[PDB]
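Chains as they are written, first to last, in PDB author numbering: chain E, 3437 to 3484; chain D, 3437 to 3484; chain H, 3243 to 3253; chain F, 3243 to 3253.
Where a beta carbon is used, it is the ideal one built from N, C-alpha and C, also for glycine.
Everything below concerns the one structure shown next.
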């Protein structure tokens, strides 16, 4: 039972690390999508 | 059992959001700590 | 979560 | 993790 609790806690902090890098890539995706929308509007105007 | 499972899943969702803002806070704290060490060295030299 | 898991194991 | 917590609660 002590080993089970220790494994639960350990994988809890590795889960925290995984969700931390998940938020990092979420921010990266948001920045990329905003840049793509901005460039697409620019491309529409410059095509016109 | 169904109500317990639904409450557990809602807890998973809100806990994931809490984790998201938690490592947002943690990354902010790490960046602040680094920039404060740098600014402390800079301001001690600039006062001297 | 610990209380919920204990309740599920009991029932 | 939920499965392991349930197993720990059972045992």
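Hey, residue i and residue j are a contact pair by Cβ (cut 8 Å); roughly how many whole angstroms apart?
i                      : j                      : result
residue 3437 (chain E) : residue 3459 (chain D) : With a Cβ gap of about 29 Å, residue 3437 (chain E) and residue 3459 (chain D) do not count as contacting.
residue 3249 (chain F) : residue 3250 (chain H) : Not confirmed; about 11 Å, so no contact.
Helix, strand or coil for residue i per DSSP?
i                      : result
residue 3445 (chain D) : helix
residue 3460 (chain E) : helix
residue 3437 (chain E) : coil
residue 3477 (chain D) : helix
residue 3484 (chain D) : coil
Quick one: list the residues of chain F neighbouring residue i, beta-carbon separation under 9 Å, in chain order.
i                      : result
residue 3478 (chain E) : Going along chain F, no residue has its Cβ under 9 Å from residue 3478 (chain E), so there is no contact; the nearest lies around 46 Å.
Would you give the residue range spanned by the alpha helix (DSSP H) that residue i belongs to?
i                      : result
residue 3250 (chain H) : 3244-3252
List the residues of chain A that residue i touches, going by C-beta distances under 9 Å, in chain order.
i                      : result
residue 3454 (chain D) : Going by chain labels, chain A is absent from the structure shown, which instead holds the protein chains E, D, H and F.
Taking C-beta pairs closer than 8 Å, name the residues in chain E that residue i reaches, listed in chain order.
i                      : result
residue 3467 (chain D) : By Cβ distance, chain E contributes nothing, its closest Cβ being about 13 Å from residue 3467 (chain D), past 8 Å.
Which bits of chain E does residue i rub up against, with CB to CB less than 7 Å?
i                      : result
residue 3247 (chain F) : 3444
residue 3470 (chain D) : Chain E residues near residue 3470 (chain D): none, gap ~17 Å exceeds 7 Å.
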